[PDB]
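upload-v4.txt follows (compact mmCIF, N, CA, C and O atoms and all ligand atoms):
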# COMPACT_ATOMS: atom_id res chain seq x y z
N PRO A 1 -10.20 -2.33 -2.50
CA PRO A 1 -9.79 -1.55 -3.67
C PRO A 1 -9.07 -0.29 -3.25
O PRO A 1 -9.56 0.34 -2.32
N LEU A 2 -7.95 0.07 -3.89
CA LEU A 2 -7.20 1.28 -3.55
C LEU A 2 -6.83 2.03 -4.82
O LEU A 2 -6.60 1.44 -5.87
N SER A 3 -6.77 3.36 -4.70
CA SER A 3 -6.45 4.23 -5.81
C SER A 3 -5.54 5.36 -5.34
O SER A 3 -5.83 6.02 -4.34
N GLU A 4 -4.44 5.57 -6.06
CA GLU A 4 -3.61 6.76 -5.90
C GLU A 4 -4.12 7.82 -6.87
O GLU A 4 -4.11 7.61 -8.09
N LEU A 5 -4.57 8.95 -6.35
CA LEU A 5 -5.27 9.95 -7.14
C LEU A 5 -4.54 11.28 -7.13
O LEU A 5 -4.09 11.74 -6.09
N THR A 6 -4.47 11.89 -8.31
CA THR A 6 -4.08 13.29 -8.45
C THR A 6 -5.34 14.10 -8.69
O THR A 6 -6.08 13.83 -9.65
N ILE A 7 -5.62 15.07 -7.82
CA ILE A 7 -6.79 15.92 -7.97
C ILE A 7 -6.30 17.32 -8.28
O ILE A 7 -5.68 17.98 -7.43
N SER A 8 -6.60 17.77 -9.50
CA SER A 8 -6.15 19.06 -9.98
C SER A 8 -6.79 20.20 -9.19
O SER A 8 -7.80 20.00 -8.51
N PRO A 9 -6.19 21.39 -9.23
CA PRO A 9 -6.76 22.55 -8.53
C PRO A 9 -8.18 22.83 -9.00
O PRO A 9 -8.50 22.66 -10.18
N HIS A 10 -9.05 23.22 -8.05
CA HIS A 10 -10.43 23.59 -8.37
C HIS A 10 -11.12 22.51 -9.21
O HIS A 10 -11.78 22.80 -10.21
N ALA A 11 -10.93 21.26 -8.82
CA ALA A 11 -11.46 20.14 -9.59
C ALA A 11 -11.93 19.06 -8.64
O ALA A 11 -11.63 19.07 -7.45
N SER A 12 -12.69 18.13 -9.18
CA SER A 12 -13.18 16.99 -8.44
C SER A 12 -12.84 15.72 -9.20
O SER A 12 -12.60 15.75 -10.41
N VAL A 13 -12.84 14.59 -8.49
CA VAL A 13 -12.62 13.27 -9.08
C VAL A 13 -13.65 12.30 -8.53
O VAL A 13 -13.82 12.21 -7.31
N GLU A 14 -14.29 11.53 -9.42
CA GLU A 14 -15.29 10.55 -9.03
C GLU A 14 -14.59 9.20 -8.94
O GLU A 14 -13.80 8.86 -9.82
N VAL A 15 -14.84 8.47 -7.86
CA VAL A 15 -14.17 7.20 -7.62
C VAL A 15 -15.15 6.19 -7.06
O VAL A 15 -16.15 6.53 -6.40
N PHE A 16 -14.87 4.93 -7.38
CA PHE A 16 -15.54 3.75 -6.80
C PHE A 16 -17.05 3.80 -7.00
O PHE A 16 -17.83 3.60 -6.07
N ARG A 17 -17.47 4.04 -8.24
CA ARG A 17 -18.88 3.81 -8.55
C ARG A 17 -19.18 2.32 -8.51
O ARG A 17 -18.45 1.52 -9.11
N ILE A 18 -20.27 1.95 -7.85
CA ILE A 18 -20.67 0.56 -7.70
C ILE A 18 -22.15 0.48 -8.03
O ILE A 18 -22.96 1.20 -7.43
N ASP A 19 -22.50 -0.38 -8.98
CA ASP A 19 -23.88 -0.58 -9.42
C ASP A 19 -24.35 -1.95 -8.96
O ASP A 19 -23.75 -2.98 -9.34
N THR A 20 -25.42 -1.98 -8.18
CA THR A 20 -26.11 -3.22 -7.82
C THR A 20 -27.58 -2.98 -8.12
O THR A 20 -28.38 -2.74 -7.21
N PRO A 21 -27.97 -3.05 -9.39
CA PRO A 21 -29.28 -2.50 -9.80
C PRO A 21 -30.49 -3.37 -9.51
O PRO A 21 -31.62 -2.86 -9.60
N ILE A 22 -30.33 -4.66 -9.21
CA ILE A 22 -31.47 -5.54 -8.98
C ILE A 22 -31.71 -5.76 -7.50
O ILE A 22 -32.82 -5.59 -7.00
N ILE A 23 -30.67 -6.17 -6.78
CA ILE A 23 -30.70 -6.34 -5.33
C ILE A 23 -29.78 -5.29 -4.72
O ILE A 23 -28.55 -5.36 -4.89
N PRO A 24 -30.31 -4.32 -3.99
CA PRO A 24 -29.45 -3.30 -3.39
C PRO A 24 -28.65 -3.91 -2.25
O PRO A 24 -29.02 -4.92 -1.65
N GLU A 25 -27.52 -3.26 -1.96
CA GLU A 25 -26.56 -3.75 -0.97
C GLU A 25 -26.02 -2.56 -0.19
O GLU A 25 -25.84 -1.47 -0.75
N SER A 26 -25.70 -2.78 1.08
CA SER A 26 -24.92 -1.77 1.78
C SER A 26 -23.55 -1.62 1.13
O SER A 26 -23.09 -2.49 0.38
N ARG A 27 -22.91 -0.49 1.40
CA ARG A 27 -21.68 -0.11 0.72
C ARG A 27 -20.53 -0.02 1.72
O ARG A 27 -20.74 0.18 2.93
N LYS A 28 -19.31 -0.17 1.21
CA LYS A 28 -18.12 0.03 2.01
C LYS A 28 -17.84 1.52 2.19
O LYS A 28 -18.24 2.35 1.37
N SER A 29 -17.16 1.85 3.29
CA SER A 29 -16.73 3.21 3.57
C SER A 29 -15.44 3.52 2.80
O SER A 29 -14.79 2.64 2.25
N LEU A 30 -15.08 4.81 2.77
CA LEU A 30 -13.95 5.29 1.98
C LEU A 30 -12.88 5.89 2.90
O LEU A 30 -13.14 6.90 3.57
N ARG A 31 -11.70 5.28 2.92
CA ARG A 31 -10.55 5.86 3.63
C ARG A 31 -9.80 6.79 2.68
O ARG A 31 -9.45 6.40 1.56
N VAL A 32 -9.61 8.04 3.11
CA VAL A 32 -8.98 9.07 2.30
C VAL A 32 -7.78 9.60 3.05
O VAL A 32 -7.89 9.98 4.22
N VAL A 33 -6.62 9.64 2.39
CA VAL A 33 -5.41 10.23 2.94
C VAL A 33 -5.04 11.40 2.05
O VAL A 33 -4.86 11.23 0.84
N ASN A 34 -4.96 12.59 2.63
CA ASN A 34 -4.52 13.77 1.89
C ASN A 34 -3.06 14.04 2.22
O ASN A 34 -2.72 14.41 3.35
N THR A 35 -2.18 13.85 1.24
CA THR A 35 -0.76 14.05 1.48
C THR A 35 -0.27 15.45 1.13
O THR A 35 0.93 15.72 1.23
N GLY A 36 -1.17 16.35 0.74
CA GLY A 36 -0.78 17.62 0.17
C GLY A 36 -0.84 17.56 -1.35
O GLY A 36 -1.11 16.51 -1.94
N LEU A 37 -0.59 18.70 -2.00
CA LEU A 37 -0.25 19.96 -1.34
C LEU A 37 -1.47 20.76 -0.91
O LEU A 37 -1.36 21.65 -0.07
N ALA A 38 -2.63 20.44 -1.49
CA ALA A 38 -3.88 21.09 -1.13
C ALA A 38 -4.09 21.03 0.38
O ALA A 38 -3.90 19.98 1.00
N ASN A 39 -4.49 22.16 0.97
CA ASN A 39 -4.64 22.20 2.42
C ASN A 39 -5.78 21.31 2.89
O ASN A 39 -5.76 20.88 4.05
N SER A 40 -6.75 21.04 2.03
CA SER A 40 -7.88 20.18 2.38
C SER A 40 -8.54 19.69 1.10
O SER A 40 -8.50 20.36 0.07
N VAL A 41 -9.15 18.51 1.19
CA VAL A 41 -10.09 18.02 0.19
C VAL A 41 -11.35 17.60 0.93
O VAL A 41 -11.33 17.31 2.13
N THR A 42 -12.47 17.60 0.21
CA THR A 42 -13.75 17.16 0.78
C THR A 42 -14.21 15.93 0.03
O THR A 42 -14.32 15.95 -1.20
N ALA A 43 -14.46 14.84 0.76
CA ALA A 43 -14.98 13.63 0.14
C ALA A 43 -16.46 13.48 0.47
O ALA A 43 -16.87 13.68 1.61
N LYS A 44 -17.26 13.12 -0.54
CA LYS A 44 -18.70 12.97 -0.35
C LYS A 44 -19.17 11.64 -0.94
O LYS A 44 -18.60 11.13 -1.91
N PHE A 45 -20.22 11.08 -0.32
CA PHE A 45 -20.89 9.88 -0.80
C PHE A 45 -22.15 10.25 -1.56
O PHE A 45 -22.94 11.05 -1.07
N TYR A 46 -22.33 9.66 -2.73
CA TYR A 46 -23.49 9.89 -3.57
C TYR A 46 -24.15 8.56 -3.88
O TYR A 46 -23.50 7.53 -3.96
N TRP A 47 -25.47 8.60 -4.04
CA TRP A 47 -26.23 7.41 -4.40
C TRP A 47 -27.33 7.80 -5.37
O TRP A 47 -27.66 8.98 -5.54
N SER A 48 -27.87 6.79 -6.05
CA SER A 48 -28.99 7.05 -6.95
C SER A 48 -29.85 5.80 -7.07
O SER A 48 -29.62 4.79 -6.39
N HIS A 49 -30.85 5.87 -7.94
CA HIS A 49 -31.73 4.74 -8.21
C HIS A 49 -32.21 4.82 -9.65
O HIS A 49 -31.98 5.81 -10.35
N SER A 50 -32.89 3.76 -10.09
CA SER A 50 -33.09 3.55 -11.52
C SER A 50 -33.98 4.58 -12.19
O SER A 50 -33.92 4.71 -13.42
N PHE A 51 -34.84 5.29 -11.47
CA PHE A 51 -35.78 6.15 -12.20
C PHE A 51 -35.60 7.63 -11.88
O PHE A 51 -36.57 8.39 -11.73
N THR A 52 -34.35 8.08 -11.84
CA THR A 52 -34.06 9.50 -11.68
C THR A 52 -32.83 9.85 -12.51
O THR A 52 -32.03 8.98 -12.86
N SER A 53 -32.68 11.15 -12.77
CA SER A 53 -31.49 11.69 -13.43
C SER A 53 -30.49 12.26 -12.44
O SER A 53 -29.45 12.78 -12.85
N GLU A 54 -30.80 12.21 -11.15
CA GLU A 54 -30.00 12.85 -10.11
C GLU A 54 -29.24 11.81 -9.30
O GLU A 54 -29.67 10.67 -9.16
N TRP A 55 -28.09 12.24 -8.78
CA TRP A 55 -27.41 11.58 -7.68
C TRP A 55 -27.62 12.42 -6.43
O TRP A 55 -27.70 13.65 -6.50
N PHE A 56 -27.74 11.76 -5.29
CA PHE A 56 -28.07 12.44 -4.04
C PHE A 56 -26.88 12.37 -3.09
O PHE A 56 -26.26 11.32 -2.95
N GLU A 57 -26.56 13.50 -2.46
CA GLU A 57 -25.46 13.55 -1.51
C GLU A 57 -25.94 13.02 -0.17
O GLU A 57 -27.02 13.39 0.31
N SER A 58 -25.15 12.13 0.45
CA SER A 58 -25.50 11.68 1.79
C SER A 58 -24.18 11.42 2.52
O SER A 58 -23.73 10.29 2.63
N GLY A 59 -23.58 12.50 3.02
CA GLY A 59 -22.41 12.37 3.87
C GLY A 59 -21.17 13.00 3.28
O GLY A 59 -20.89 12.87 2.09
N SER A 60 -20.38 13.63 4.15
CA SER A 60 -19.24 14.42 3.70
C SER A 60 -18.22 14.50 4.83
O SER A 60 -18.59 14.56 6.01
N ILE A 61 -16.93 14.54 4.46
CA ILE A 61 -15.87 14.81 5.42
C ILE A 61 -14.83 15.69 4.75
O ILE A 61 -14.63 15.63 3.54
N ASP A 62 -14.15 16.51 5.55
CA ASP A 62 -12.99 17.25 5.08
C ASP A 62 -11.72 16.55 5.55
O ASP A 62 -11.65 16.07 6.69
N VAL A 63 -10.72 16.48 4.68
CA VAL A 63 -9.49 15.78 4.99
C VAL A 63 -8.35 16.77 4.78
O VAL A 63 -8.02 17.11 3.64
N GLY A 64 -7.75 17.25 5.88
CA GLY A 64 -6.67 18.21 5.77
C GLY A 64 -5.36 17.58 5.34
O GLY A 64 -5.19 16.36 5.31
N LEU A 65 -4.41 18.45 4.97
CA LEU A 65 -3.07 18.00 4.63
C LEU A 65 -2.50 17.18 5.79
O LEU A 65 -2.47 17.64 6.94
N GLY A 66 -2.07 15.96 5.48
CA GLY A 66 -1.51 15.08 6.49
C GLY A 66 -2.52 14.24 7.24
O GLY A 66 -2.12 13.49 8.14
N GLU A 67 -3.80 14.34 6.91
CA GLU A 67 -4.84 13.62 7.62
C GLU A 67 -5.24 12.35 6.88
O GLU A 67 -5.20 12.26 5.65
N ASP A 68 -5.64 11.36 7.68
CA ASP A 68 -6.00 10.02 7.23
C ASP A 68 -7.34 9.76 7.88
O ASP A 68 -7.41 9.57 9.10
N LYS A 69 -8.42 9.81 7.10
CA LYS A 69 -9.77 9.80 7.66
C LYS A 69 -10.65 8.87 6.85
O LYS A 69 -10.45 8.69 5.65
N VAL A 70 -11.66 8.30 7.50
CA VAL A 70 -12.65 7.48 6.82
C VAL A 70 -13.95 8.26 6.66
O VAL A 70 -14.49 8.79 7.64
N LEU A 71 -14.45 8.32 5.43
CA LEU A 71 -15.79 8.83 5.16
C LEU A 71 -16.77 7.69 5.38
O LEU A 71 -16.76 6.72 4.61
N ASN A 72 -17.59 7.80 6.41
CA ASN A 72 -18.61 6.80 6.68
C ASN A 72 -19.70 6.86 5.62
O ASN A 72 -19.90 7.90 4.97
N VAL A 73 -20.38 5.75 5.43
CA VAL A 73 -21.50 5.68 4.49
C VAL A 73 -22.75 5.21 5.23
O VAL A 73 -22.67 4.70 6.36
N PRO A 74 -23.94 5.36 4.65
CA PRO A 74 -25.15 5.04 5.40
C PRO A 74 -25.30 3.54 5.64
O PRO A 74 -24.68 2.71 4.97
N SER A 75 -26.15 3.23 6.61
CA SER A 75 -26.49 1.84 6.91
C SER A 75 -27.42 1.27 5.85
O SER A 75 -27.56 0.05 5.76
N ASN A 76 -28.01 2.14 5.05
CA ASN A 76 -28.98 1.77 4.03
C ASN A 76 -28.36 0.96 2.90
O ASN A 76 -27.17 1.09 2.59
N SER A 77 -29.19 0.12 2.28
CA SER A 77 -28.81 -0.54 1.03
C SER A 77 -29.09 0.37 -0.16
O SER A 77 -30.05 1.15 -0.16
N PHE A 78 -28.24 0.27 -1.18
CA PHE A 78 -28.29 1.15 -2.34
C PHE A 78 -28.23 0.38 -3.65
O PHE A 78 -27.61 -0.69 -3.76
N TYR A 79 -28.89 0.96 -4.66
CA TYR A 79 -28.81 0.43 -6.02
C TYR A 79 -27.58 0.96 -6.76
O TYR A 79 -26.96 0.22 -7.53
N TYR A 80 -27.23 2.22 -6.56
CA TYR A 80 -26.11 2.88 -7.23
C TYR A 80 -25.44 3.79 -6.22
O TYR A 80 -26.12 4.46 -5.45
N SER A 81 -24.11 3.80 -6.23
CA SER A 81 -23.35 4.66 -5.33
C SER A 81 -22.05 5.05 -5.99
O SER A 81 -21.57 4.38 -6.90
N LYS A 82 -21.47 6.15 -5.52
CA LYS A 82 -20.13 6.56 -5.93
C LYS A 82 -19.64 7.60 -4.93
O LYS A 82 -20.41 8.10 -4.10
N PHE A 83 -18.35 7.89 -4.99
CA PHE A 83 -17.78 8.96 -4.18
C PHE A 83 -17.27 10.06 -5.09
O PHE A 83 -16.80 9.80 -6.20
N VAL A 84 -17.32 11.31 -4.60
CA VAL A 84 -16.69 12.43 -5.29
C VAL A 84 -15.78 13.11 -4.28
O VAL A 84 -16.19 13.36 -3.15
N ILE A 85 -14.53 13.34 -4.68
CA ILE A 85 -13.56 14.04 -3.84
C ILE A 85 -13.28 15.38 -4.49
O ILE A 85 -12.91 15.45 -5.68
N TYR A 86 -13.47 16.46 -3.73
CA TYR A 86 -13.37 17.82 -4.22
C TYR A 86 -12.10 18.48 -3.72
O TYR A 86 -11.82 18.46 -2.51
N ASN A 87 -11.36 19.10 -4.63
CA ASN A 87 -10.21 19.92 -4.29
C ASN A 87 -10.62 21.37 -4.56
O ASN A 87 -10.54 21.84 -5.70
N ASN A 88 -11.08 22.06 -3.52
CA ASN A 88 -11.51 23.45 -3.66
C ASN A 88 -10.36 24.41 -3.40
O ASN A 88 -10.55 25.45 -2.74
N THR A 89 -9.15 24.08 -3.84
CA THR A 89 -7.96 24.90 -3.60
C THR A 89 -7.21 25.11 -4.91
O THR A 89 -7.51 24.50 -5.93
N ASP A 90 -6.19 25.96 -4.85
CA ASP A 90 -5.35 26.24 -6.01
C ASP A 90 -4.11 25.33 -6.06
O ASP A 90 -3.24 25.53 -6.91
N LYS A 91 -4.01 24.34 -5.17
CA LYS A 91 -2.87 23.44 -5.16
C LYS A 91 -3.32 22.03 -5.50
O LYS A 91 -4.42 21.62 -5.11
N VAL A 92 -2.47 21.30 -6.23
CA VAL A 92 -2.76 19.90 -6.53
C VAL A 92 -2.87 19.09 -5.25
O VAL A 92 -2.12 19.30 -4.29
N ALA A 93 -3.82 18.15 -5.22
CA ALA A 93 -3.98 17.22 -4.11
C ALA A 93 -3.55 15.83 -4.56
O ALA A 93 -4.08 15.29 -5.53
N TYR A 94 -2.56 15.26 -3.88
CA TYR A 94 -2.18 13.87 -4.08
C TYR A 94 -2.80 13.07 -2.94
O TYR A 94 -2.39 13.21 -1.78
N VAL A 95 -3.82 12.28 -3.25
CA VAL A 95 -4.57 11.59 -2.22
C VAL A 95 -4.56 10.10 -2.51
O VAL A 95 -4.36 9.67 -3.65
N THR A 96 -4.76 9.31 -1.47
CA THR A 96 -5.06 7.90 -1.64
C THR A 96 -6.50 7.68 -1.21
O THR A 96 -7.00 8.34 -0.30
N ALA A 97 -7.16 6.77 -1.91
CA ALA A 97 -8.55 6.47 -1.62
C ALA A 97 -8.73 4.97 -1.73
O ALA A 97 -8.34 4.37 -2.73
N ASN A 98 -9.29 4.37 -0.69
CA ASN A 98 -9.53 2.94 -0.73
C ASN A 98 -10.79 2.61 0.07
O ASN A 98 -11.14 3.29 1.03
N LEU A 99 -11.47 1.56 -0.38
CA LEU A 99 -12.69 1.11 0.28
C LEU A 99 -12.33 0.29 1.51
O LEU A 99 -11.42 -0.55 1.47
N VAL A 100 -13.06 0.51 2.61
CA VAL A 100 -12.80 -0.15 3.89
C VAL A 100 -14.10 -0.65 4.55
O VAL A 100 -15.21 -0.22 4.21
NA NA B 201 -14.32 23.08 -13.46
NA NA B 202 -31.15 8.13 -14.98
NA NA B 203 -22.40 8.90 4.10

Transcribe the structure of this file into structure tokens.
Amino acid sequence: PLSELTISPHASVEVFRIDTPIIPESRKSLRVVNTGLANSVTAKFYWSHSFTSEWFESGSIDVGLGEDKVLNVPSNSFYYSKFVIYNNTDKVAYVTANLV
């Protein structure tokens, strides 16, 4: 799966939520390419389970302008997962995101 994403200044975008609520499964990693203009974006992996209101952070990478990096994910099986990519800058981020 691949997505061309526009991430507005001081904003985040949630991508690739995957629900496997009965039988948990390991998850694919996320390849992130930051093409600018934002000097960096931070991609994080989140997971949850059926009896909580929270998502839990487990893993993070920073991707600078011009960088092509994979955010690794845990070896664990999960019931619910998603990624959040954060643009903590005043410039728009044009990024690509795909599962690998
Ligand atoms: Na906001
Ligand atoms: Na809930
Ligand atoms: Na991770």

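For the pair atom N of residue 90 in chain A and atom N of residue 10 in chain A, the interatomic distance is 5.1 Å.
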
Neighbouring residues of ligand NA 202 (chain B) are defined here as those with any atom at most 7 Å from a ligand atom, counting all atoms listed in the file; list them as a list in words.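 Using all atoms listed in the file, I find these residues within 7 Å of ligand NA 202 (chain B): residues 49, 50, 51, 52, 53 and 54 of chain A.
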
With 8 Å as the cut-off and only N, CA, C and O atoms and all ligand atoms counted, what is the closest atom pair between each nearby residue of chain A and ligand NA 201 (chain B)? Distances in Å to one decimal, ordered by chain and number, as JSON lines.
{"residue": "A:9", "atom": "O", "partner": "B:NA201", "partner_atom": "NA", "distance": 6.7}
{"residue": "A:10", "atom": "O", "partner": "B:NA201", "partner_atom": "NA", "distance": 4.1}
{"residue": "A:11", "atom": "CA", "partner": "B:NA201", "partner_atom": "NA", "distance": 5.6}
{"residue": "A:12", "atom": "N", "partner": "B:NA201", "partner_atom": "NA", "distance": 6.7}

With all atoms listed in the file as the atoms that count, which of A:3, A:92, A:78, A:63 lies nearest to residue 22 in chain A?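 Counting all atoms listed in the file, the residue closest to residue 22 in chain A is A:78.
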
Would you please work out which residue, of A:86, A:72, A:67, A:93, is nearest to residue 33 in chain A when using only N, CA, C and O atoms?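 Ranked by minimum distance to residue 33 in chain A, first place goes to A:67.
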
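Closest approach to residue 18 in chain A from the set A:4, A:34, A:62, A:81 is made by A:81, with distances taken over all atoms listed in the file.
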
Which residues of chain A come within 8 Å of ligand NA 203 (chain B), and what is each one's closest atom pair and distance in Å (one decimal), counting all atoms listed in the file, sorted by chain and residue number, as a Markdown table?
| residue | atom | partner | partner_atom | distance |
| --- | --- | --- | --- | --- |
| A:43 | O | B:NA203 | NA | 7.7 |
| A:44 | C | B:NA203 | NA | 6.6 |
| A:45 | CA | B:NA203 | NA | 5.2 |
| A:46 | N | B:NA203 | NA | 6.9 |
| A:57 | C | B:NA203 | NA | 6.9 |
| A:58 | O | B:NA203 | NA | 2.4 |
| A:59 | CA | B:NA203 | NA | 3.5 |
| A:60 | N | B:NA203 | NA | 5.1 |
| A:61 | N | B:NA203 | NA | 7.9 |
| A:71 | C | B:NA203 | NA | 5.9 |
| A:72 | O | B:NA203 | NA | 2.8 |
| A:73 | CA | B:NA203 | NA | 3.4 |
| A:74 | N | B:NA203 | NA | 3.9 |
| A:75 | N | B:NA203 | NA | 7.2 |

Nearest candidate to residue 7 in chain A (options A:70, A:37, A:65, A:99; using only N, CA, C and O atoms):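 Closest candidate: A:37.
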
Counting only C-alpha atoms, the residue of A:88, A:64, A:100, A:28 that sits nearest residue 76 in chain A: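 Closest residue, counting only C-alpha atoms: A:28.
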
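For the choices A:36, A:17, A:29, A:82, the atom-to-atom distance to residue 48 in chain A is smallest for A:82 when using all atoms listed in the file.
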
Report, in Å to a single decimal, how far apart atom O of residue 42 in chain A and atom O of residue 97 in chain A are.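 Straight-line distance from atom O of residue 97 in chain A to atom O of residue 42 in chain A works out to 13.1 Å.
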
Using DSSP assignments from the backbone, pull out every residue in chain A that falls under strand (DSSP E or B) and give it to me as a PyMOL selection string. chain A and resi 2-7+11-19+25+30-37+40-48+56-64+68-71+78+80-87+93-99

Between CA of residue 84 in chain A and atom C of residue 38 in chain A - distance in Å to one decimal: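 According to the coordinates, atom C of residue 38 in chain A and CA of residue 84 in chain A are separated by 16.3 Å.
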
Can you report as lines of an AutoDock Vina configuration file the centre and edge lengths in Å, to one decimal, of an axis-aligned box around the listed atoms of range 64-70 of chain A padded with 3 Å on each side?
center_x = -8.0
center_y = 13.0
center_z = 6.9
size_x = 19.0
size_y = 17.0
size_z = 10.5

Within 4.5 Å of residue 83 in chain A using only N, CA, C and O atoms, minus same-chain residues under 5 positions, as a list in words: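 These residues fall inside the cut-off: residues 13, 14, 15, 16 and 44 of chain A.
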